[PDB]
Amino acid sequence: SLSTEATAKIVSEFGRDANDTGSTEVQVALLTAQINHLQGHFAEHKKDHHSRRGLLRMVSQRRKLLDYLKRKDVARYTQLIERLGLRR
Amino acid sequence: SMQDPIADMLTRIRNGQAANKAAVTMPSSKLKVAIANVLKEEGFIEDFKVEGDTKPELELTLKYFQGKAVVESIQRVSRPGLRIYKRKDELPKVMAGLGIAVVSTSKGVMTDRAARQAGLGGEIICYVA
Amino acid sequence: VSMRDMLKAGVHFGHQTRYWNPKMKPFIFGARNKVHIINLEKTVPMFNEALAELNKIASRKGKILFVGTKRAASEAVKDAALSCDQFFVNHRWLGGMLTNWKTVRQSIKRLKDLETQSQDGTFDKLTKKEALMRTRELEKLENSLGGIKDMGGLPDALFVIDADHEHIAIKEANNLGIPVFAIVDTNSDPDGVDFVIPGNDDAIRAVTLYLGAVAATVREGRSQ
RNA sequence: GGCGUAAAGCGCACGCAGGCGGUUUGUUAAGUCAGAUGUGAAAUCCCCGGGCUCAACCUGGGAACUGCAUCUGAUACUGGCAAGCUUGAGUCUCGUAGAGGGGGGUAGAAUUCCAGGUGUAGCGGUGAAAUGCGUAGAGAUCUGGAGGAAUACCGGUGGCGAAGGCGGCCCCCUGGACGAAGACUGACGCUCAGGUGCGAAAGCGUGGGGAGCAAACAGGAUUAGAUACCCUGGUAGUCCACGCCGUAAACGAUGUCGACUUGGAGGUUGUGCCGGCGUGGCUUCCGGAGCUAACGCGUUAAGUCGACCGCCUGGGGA
């Protein structure tokens, strides 16, 4: 999991206050950070199916939140997926 | 997930009457209030009130005649998976008129007799007997 | 009778929490040390209007059957029926007293013949062993049926202690439409009782209070 | 209409399309509703009359065609649009327990084997035997060494996991659950054909490893026979890495999600106020109503409901 400092950093970066932790951008960004971090774990631990199910849950949840943001506000969506380096 | 709050309200009424509960409570909605006004005005329930501003809670006071429940049978008819609309000429008769069907018309939620008198059709919400 | 004498003799004290009947919740006041308390404030009026119904019953010469069969309450119910001109049962309620009246009536006649023979010298000309068998049959027929021997037909009312201990008489009455007035504890099922009465149905003091209430009020009804 | 046991819940899931959608207002008027207009050929069905000597038959008159289109209107509900809201769903903080997973390491007990000290005639097996083993010194017992596999006690109708499954100890990487305080987002939800993934054991391929166990096989017994059950050996396999297979009575023979409906006695982990009373999550056993063909299930439903999916339609052939 992400440490407290990493969470605080991303939350300040993508939320529009120090206390905004529920907005779509923060959720998508936290999921993206954990996914990217775990890429190295699953390059070494290919048979770790049980943890990969949680990784896939993060991917599915980020997909859902990104599509929600897209149908709610396109501008914030493109800004997020350019900032986060996501294809779509 | 909850996808038919009207069904939940009919179920709460049915189950409360089967458990001899004096009154039932539930999250409120305007449409539930219209249904309950039809229920109370036709003598199926005793009273209802709404409490709360941001989260209204709707309480229905149930009634029993000789100890036994007044609501003999209540059923959802039109449901989210199968919506049911009838013209004014095809409004159903529940227990040959002893019961009622709650009909939502362009003039509001009313009974089958009232809908027939107003000369309107609409969605058939529930049978109550 | 009233809240004071009930709370003093031990009416209010109920059975343990793990034995209550969820149909007894409304008459429950509260709990203490995992034993229940019966709300006397409801006990008094329902009981007194049951006493009023019974007082009215005896005025129409309606025969009452006293039903209590606990070992320590046999003499209490028998005295209450003895001092009341009534019929009673204080040993095991035979299956068939009420719904099978046609056959129990024959054993009542048999007890009548043995009771004539008992005070008659009939058990002298017999060979001292058939007569002994007659005496033992008399003993058991008194133990069981010696409270309804003169009844002569079905009764009109029932008064019960521990409705579940005597649920067979309750069910027999409900089969025959005899209204029942039963002392219903927290651990009792009242769905078969028309006039129910909460109260400790085991404590001898409370039990003899209910018994004296019904006996005296039936005395009052027959006074009229 | 069904799917615990009669046929029937996919082994388990993620999830596109599809289906369905918490609550407030406005707006639309598509679905829905109302009215009208055009059309829906005649004949036929239906009714009330007539003449065939009556009926068949014919035929006068009268109703239906339950649809489609357009126009005019209503706006409760469903849909679209807009703004919201927080109760659903999710994020954060702190903490809690855990055989959840992947990797590495290590410890003790035991079996087997190798070398050795003591020592002699048995051991081993079984219903009884024999095969086997032992004077070329076994079995027993003591020491040293090698190796593989599994982790006694704890241990628990205990725990964790989507299911399959997961049990010594330590470390590294890692997933989820639950609890209590608030905040934050503001319907972001549920289900899911096709798709994709995971999936016991056995089995397959390549390379290793191999103590014990053990399909096959060999012998000895048993038996009428004994391709068995029992005994003595024993090879694949069981173990490891990677790939494949994709099936089990993969079972609760019970699909997932949400809501509601009397009670009693157990377990486990949180947390509240002073061993005592509160409030949470999962879990055992009984049982009420209800349901059920019955057996039984029974707030962890097989009860009362809603959303979606999967499946069944006599036995055999199959």
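Tabulated data
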item	result
B:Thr54, C:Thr116 arranged by Cβ crowding within 10 Å, fewest neighbours leading	B:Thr54, C:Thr116
Angle between chain B longest axis and helix B:30-41 axis [Cα atoms, degrees, rounded to 10]	90 degrees
At least 20 Å along the helix axis (C-alpha) and Kyte average at least -0.5, DSSP helices within chain C	C:40-59, C:204-223
D (Stokes-Einstein, µm²/s), Kirkwood Cα radius, the stretch C:1-120, 0.890 mPa s at 25 °C	138 µm²/s
Sparsely packed trypsin sites (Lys or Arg not before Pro) within the stretch C:122-224, loop by DSSP, other Cβ within 10 Å at most 16	C:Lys125, C:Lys128, C:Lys129, C:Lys149
Mean separation of Cα contacts under 8 Å (6+ apart) over length of the stretch C:1-62, as relative contact order %	32 percent
Computed [θ] at 222 nm, helices only, for the protein assembly as shown once each DSSP H run of length n ≥ 4 contributes -39500 (n - 2.57)	-14500 deg cm²/dmol
Likely footprinting exposure, B:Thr11, C:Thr43, C:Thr127, fewest C-beta neighbours within 10 Å first	C:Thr127, B:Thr11, C:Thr43
Whole-number D in µm² s⁻¹ for chain B, Kirkwood Cα-pair radius fed into Stokes-Einstein, 25 °C, 0.890 mPa s	164 µm²/s
Beta bridge orientation in the protein assembly as shown: antiparallel %, DSSP, nearest 5	70 percent
Trypsin sites (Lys or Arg not before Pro) restricted to DSSP loop in the stretch B:19-95 with at most 10 other C-beta within 10 Å	B:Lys68, B:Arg83, B:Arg87
Neighbour-count order for C:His167, C:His12, fewest beta carbons within 10 angstrom listed first	C:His167, C:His12
Nearby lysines by direct alpha-carbon distance to A:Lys70 (threshold 30 angstrom, same-chain neighbours under 8 apart not counted)	A:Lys9, B:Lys55
Binned Cα-Cα distances of the stretch B:5-69, short to long, each 10 Å bin given as a whole percent	22, 58, 18, 1
Column: log10 I(q)/I(0), Debye, Cα scatterers of the stretch C:77-162, q = 0.21, 0.23 Å⁻¹	-1.04, -1.17
Of the GluC sites (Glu not before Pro) in the stretch B:37-129, those whose Cβ has at most 14 other Cβ within 10 Å and which sit in DSSP loop	B:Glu72, B:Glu90
Charge sum, other residues only, whose C-beta stays under 10 Å from C:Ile178's C-beta, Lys/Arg counted +1 and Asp/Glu -1	-3
Part-to-part distance (alpha-carbon centres) for the stretch B:1-55 and the stretch C:118-132, which is given in Å	78 Å
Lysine pairs in the stretch C:66-224 with Cα atoms under 22 Å, if 8 or more residues apart or on separate chains	23
Chain A - percent relative contact order, Cα under 8 Å, separation 6 or more	24 percent
Radius of gyration and Dmax over the Cα atoms of chain C, both given in Å	19.1, 66
When the convex hull of its Cα atoms is projected in every direction, mean area for the protein assembly as shown (nm²)	40.9 nm²
Tilt relative to chain B, helix B:5-18 - C-alpha long axis, 0 to 90 degrees, to 10	60 degrees
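Just so you know, all these numbers are worked out from the coordinates, no wet-lab data involved. Every residue, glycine as well, gets a Cβ built from its backbone with ideal geometry; the counts of neighbours run over all protein chains shown.
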